[PDB]
Amino acid sequence: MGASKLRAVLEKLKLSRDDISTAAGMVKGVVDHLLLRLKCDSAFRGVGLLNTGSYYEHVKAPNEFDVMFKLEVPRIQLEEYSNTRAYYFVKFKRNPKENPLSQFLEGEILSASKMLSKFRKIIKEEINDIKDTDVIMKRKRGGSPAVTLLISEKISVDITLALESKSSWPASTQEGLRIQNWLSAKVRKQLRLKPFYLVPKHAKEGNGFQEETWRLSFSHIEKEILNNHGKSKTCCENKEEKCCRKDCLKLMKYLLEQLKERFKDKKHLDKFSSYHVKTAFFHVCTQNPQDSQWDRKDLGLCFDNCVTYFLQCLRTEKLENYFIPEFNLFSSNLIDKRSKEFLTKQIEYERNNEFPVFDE
Ligand SMILES: Nc1nc2c(ncn2[C@@H]2O[C@@H]3COP(=O)(O)O[C@H]4[C@@H](O)[C@H](n5cnc6c(N)ncnc65)O[C@@H]4COP(=O)(O)O[C@H]3[C@H]2O)c(=O)[nH]1
Ligand SMILES: [Zn+2]
């Protein structure tokens, strides 16, 4: 696949400033209103908008948004659930004083399902006729921590609640974030000093679910790594140091998106998301730390590599969480073999035929 061809694909995917500003405007309005109302409750008094960009989370329908609501919770003690390395029970190190979330305390362990239920109930109750815009809440997805809204019957916004911990990161993230040879150890050091988040996601237990667990989240770190991606600090700040990392990520995401859209009737690709792609891309970034390995003239090659590695992850059924190395996103427990084989087939076909799926 030619680099000029790929860059032409990315070129035709660019949206005008008007659409971006309009959609961002509507989303911002709804979000701000929901914050102002969410602060009416003592449990969600310290709620706030977490900076993850909140834009460009969909190349092309680019009306789908993703915002994250951080909730500052002080002095929490985490307990790793069944060595899942990613799912924890939330407790409090010292709780003599009445906790704002005490209404959600199922004993010593903070209930995730109750907080999520309350959150969803507040939002659902306060998106009706209070807005000079038409907002509807989408059907509750199975085991999804997100609360999705539809604005003006065109804009989708995923709202995820997240507990915030300014404590040091869990021990499961010790060997994670291998950006030493890429973004330097100093950057990793200052990054690990930043807080980490927890989303109300239950873990699988054979043929049952816990609903009391929370999953680690480092979306903000992902944003930071994304916007500052070069070994050189001046990467992509001049013509001589223009790389093709972001182009590769965009192309991968668009490939997965187009494949998911094409086989929407089937249920094979439903569990696959742009996060898997992003993770694989991060691993590839670790494998190729030099900016010279991401030269803009080698877009075709680099992207190819990004495809190949992704395929490897599908074939070997191994895709380690970039922050939690022992957490496998492509385990057989999460995604079945048949789905991964299907995706593999579609991708191999696309690459073998000069990506006809980009022609739309
Ligand atoms: N900003 C943010 N949103 C999250 C996070 N975790 C879940 N969400 C939201 O809930 C939706 C479904 O969550 P799921 O955990 O039940 O299945 C997810 C999960 O299995 C996996 N995944 C996505 N982000 C992940 C993440 N940050 N960590 C671990 N797994 C993740 O891919 C599935 C679909 O992701 P999606 O990006 O299209 O939408 C998320 C996403 O909009 C999160 O950590 N950060
Ligand atoms: Zn760059």
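Order of listing sets the numbers, starting from 1, for every ligand and every atom in it. Below, each value reflects all heavy atoms present in this structure, side chains not excepted, and no hydrogens, waters or symmetry copies. Counting from 1, the numbers follow the sequence of the chain as shown.
Each of the following atoms of ligand 1 lies closer than 4.0 Å to a heavy atom of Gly143: 16 (O). Close approach of ligand 1 to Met68 (heavy-atom distance below 4.0 Å) involves ligand atoms 1 (N), 2 (C), 45 (N). Atoms of ligand 1 lying under 4.0 Å from at least one heavy atom of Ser217, given by number and element, are 43 (C), 44 (O), 45 (N). Close approach of ligand 1 to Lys201 is summarised as follows: ligand atoms under 4.0 Å from at least one heavy atom of the residue are 14 (P), 15 (O), 16 (O). When each atom of ligand 1 is checked for a heavy atom of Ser144 under 4.0 Å away, the hits are 10 (O), 11 (C), 12 (C), 16 (O). Near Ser219, with a cut-off below 4.0 Å to any heavy atom, the atoms of ligand 1 are 1 (N), 2 (C), 43 (C), 44 (O), 45 (N).
Counting only non-hydrogen atoms, the option in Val147, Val67, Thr160 that gets closest to atom 3 (N) of ligand 1 is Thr160. Comparing heavy-atom distances from atom 20 (O) of ligand 1 across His202, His220, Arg215 singles out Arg215 as nearest.
The distance criterion of under 3.5 Å between nitrogen or oxygen atoms is met by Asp66 with respect to ligand 1. Not a single N or O atom of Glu222, backbone or side chain, sits closer than 3.5 Å to an N or O atom of ligand 1. Any N or O atom pair closer than 3.5 Å counts here, and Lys271 shares no such pair with ligand 1. Considering backbone and side-chain atoms alike, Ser273 places an N or O below 3.5 Å from some N or O of ligand 1.
For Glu106, the side chain to side chain donor-acceptor pair (under 3.5 Å) partners at least two apart in sequence or on another chain are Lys114. Under the side chain to side chain donor-acceptor pair (under 3.5 Å) criterion, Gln174 pairs with no residue, sequence neighbours left out. For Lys204, the side-chain contact (heavy atoms from CB on, under 4.5 Å) test picks out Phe209, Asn333, with sequence neighbours left out.
Minimum interatomic distance between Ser232 and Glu241 (heavy atoms only, all atoms of both residues): OG-OE2, 2.6 Å. When all heavy atoms of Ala23 and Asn63 are compared, the pair lying nearest together is CB-ND2, 4.5 Å. Nearest heavy-atom pair across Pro145 and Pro200 is CB-O, 3.3 Å.
Each of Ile136, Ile155, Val135 was scored for a side-chain contact (heavy atoms from CB on, under 4.5 Å) with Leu149, with one residue passing: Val135.
Distances shorter than 4.0 angstrom do not occur between any heavy atom of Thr52 and any atom of ligand 1.
Between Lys5 and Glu354 no salt bridge is recorded (no basic side-chain N to carboxylate O distance below 4.0 Å). A salt bridge links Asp291 and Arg245; the closest N-O separation between the charged side-chain nitrogens and carboxylate oxygens is under 4.0 Å.
Residues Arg215 and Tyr88 are not in side-chain contact: their nearest non-hydrogen atoms beyond the backbone lie 4.5 Å or more apart.
Aromatic ring orientation, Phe330 versus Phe272: perpendicular (interplanar angle above 60°, classes split at 30° and 60°).
Judged purely by distance below 3.5 Å, without hydrogens or angles, the side chains of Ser339 and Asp336 pair a donor atom with an acceptor atom.
Excluding waters, the set of protein N, O or S atoms lying under 2.8 Å from the Zn ion (ligand 2) comprises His229 NE2, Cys235 SG, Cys236 SG, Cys243 SG.
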